[PDB]
Each structure stands twice: as structure tokens, then as C-alpha cells.
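Q:
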Amino acid sequence: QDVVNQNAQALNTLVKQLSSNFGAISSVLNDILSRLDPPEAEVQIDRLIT
Amino acid sequence: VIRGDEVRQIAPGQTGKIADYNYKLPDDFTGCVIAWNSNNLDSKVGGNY
Amino acid sequence: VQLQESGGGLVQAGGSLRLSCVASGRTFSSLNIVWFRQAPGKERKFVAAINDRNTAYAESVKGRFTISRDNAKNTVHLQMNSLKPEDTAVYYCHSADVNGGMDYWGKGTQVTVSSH
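Dropping the structure here:
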């Protein structure tokens, strides 16, 4: 049960990490792209990518 | 030749009328943008339209 | 290499003029013409443009003109009809080539028209 729970918690943390801003203005890729122009939206895109 | 208020605006990645309608620059532009005043040599007293 | 605009004589209201903008070049058919208007000391404006397939006039000269092309001569010509004394201006004509952006601006012709 520990092994099963460890794997489930690992994948749960991995999926939950997609809700983090990571220093960007938004955690949503579409919201980042649709609120800023492409030339300087790349900074937020790179923050999310890192 | 452009209006005197867009020399800072023609830069790559900068939005504005003259850039996005006449001379849009690529985001990966590598080069030197050079400009100098030409009021005396271009302006006409009757209006250099 | 250059454009010269000649014409714009002395006529009467409602008369017909024939202004030609002969161009020093060899592909001026591709260099579609644009006619511009400047008032005597007031703000500038355009007149017309025979851009190959179709045409486009201005509010002051809407349909009153018969714009013409001389493709066999590489020259442009505007027909002036229903002329008015309030159109006393200096018409221009210009064309920019598709390749290697460049201007061949002319000089201007008077559009003085009497009123009675």
C-alpha cells in the first residue's frame, strides 16, 4: 500500500504542479498568451517552461 | 522617413501604427537601427506633405 | 527614373482639361498612378488612382472624372469633367514600384477655374 500510495502521490504532485505560476503572471498558457503580445509573452512562457 | 515620434517605436517587438502597418520587424532581428534629424533638409515651409 | 507633370491651363467652369503625367521609365504600367490634391495654402488630399484592374476616386471628384490608362505608352492621364471653381488646387501624380520601394513624385499642375 505504501508503494501504491507513493506512486499515486508522485503523479498527483506532478499534475498539481501545473497550477503554479513559477513567477509568471499566470499559470494558464492561454491566459498568458492572450493577455500579452507575443514579443514579451515569451518571458512568461519561458518561466512556465522552466 | 517616418514621423519623429516613432523612431523609438520601429524597434523589433514594439507595437504601433507605423511599425505594424508599414515596416514590421522580425522578433529575431539582428542589426543596427540608425536615424538622425532631418527637419532642415526635409521640412518645407509650405508643408512637405 | 523620374516623373514630370505638365498641363493645368486656364479654363472655364464646367470645361474639360487633359492633364498627362509622362514618366521616364519602362514598366510604368506596373507603377500604378495616384493623384493627389493640395489646396492653395490649405491641407493636402488625394484625387484618384487607376490601380490596374479597378479605380478609386475621392469625395470631391466622385465619378465626375474619367480616369484613363496609356499602357502602350507607360503614361497616365486623367479626364476632368464637371469642373468647379471650388476645385482650384494643384493636382499631383505619383507611382511607387513593387520592387525596391522608391518614389517618382512630380511637380504639380494648377487647377484654377473661374466662377461667374
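Chains as they are written, first to last, in the entry's author numbering: chain C, 949 to 998; chain A, 401 to 449; chain D, 2 to 117. Note that the Cβ used here is the ideal one computed from N, Cα and C, for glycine as well.
In the DSSP assignment, what residue or residues form a beta bridge with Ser96 of chain D?
A: Paired residue(s): none; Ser96 of chain D is not in a bridge.
Q: Nearest chain D C-beta to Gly416 of chain A closer than 9 Å, yes or no?
A: No, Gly416 of chain A does not count as interfacial toward chain D.
Q: Is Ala57 of chain D helix, strand or coil when you go by DSSP?
A: Of the three classes helix, strand and coil, the one that applies to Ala57 of chain D here is strand, per DSSP.
Q: With a threshold of 16 other CB atoms inside 10 Å of the CB of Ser83 of chain D, please say whether the residue is buried or exposed.
A: So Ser83 of chain D ends up on the exposed side.
Q: Does any C-beta atom of chain D lie closer than 9 Å to the C-beta of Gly446 of chain A?
A: It does; some Cβ of chain D falls within 9 Å.
Q: Kindly list the residues whose CB is nearer than 6 Å to the CB of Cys94 of chain D, restricted to its own chain and excluding five residues on each side of it in sequence; keep chain order.
A: Answer for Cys94 of chain D: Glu6, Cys22, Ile34, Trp36 and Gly107, listed in chain order.
Q: Say whether chain D places a C-beta atom closer than 9 Å to the C-beta of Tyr421 of chain A.
A: Not an interface residue.
Q: Who are the neighbours of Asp405 of chain A on chain C, taking C-beta pairs under 8 Å?
A: The contacting residues do not exist; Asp405 of chain A stays about 20 Å from chain C at best.
Q: Since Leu79 of chain D sits in a beta bridge, which residues does DSSP pair it with?
A: Paired residues: D:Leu20 and D:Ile68.
Q: Taking Cβ positions only, does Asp994 of chain C come closer than 9 Å to chain A?
A: So no, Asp994 of chain C is outside the interface.
Q: Would a C-beta distance cut-off of 9 Å place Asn75 of chain D and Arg38 of chain D closer than the cut-off?
A: For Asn75 of chain D and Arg38 of chain D, no; Cβs fall outside 9 Å.
Q: Which same chain residues, not among the five before or five after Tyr423 of chain A, have their C-beta less than 7 Å away from its C-beta?
A: So the list reads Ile410, once near-sequence residues are dropped.
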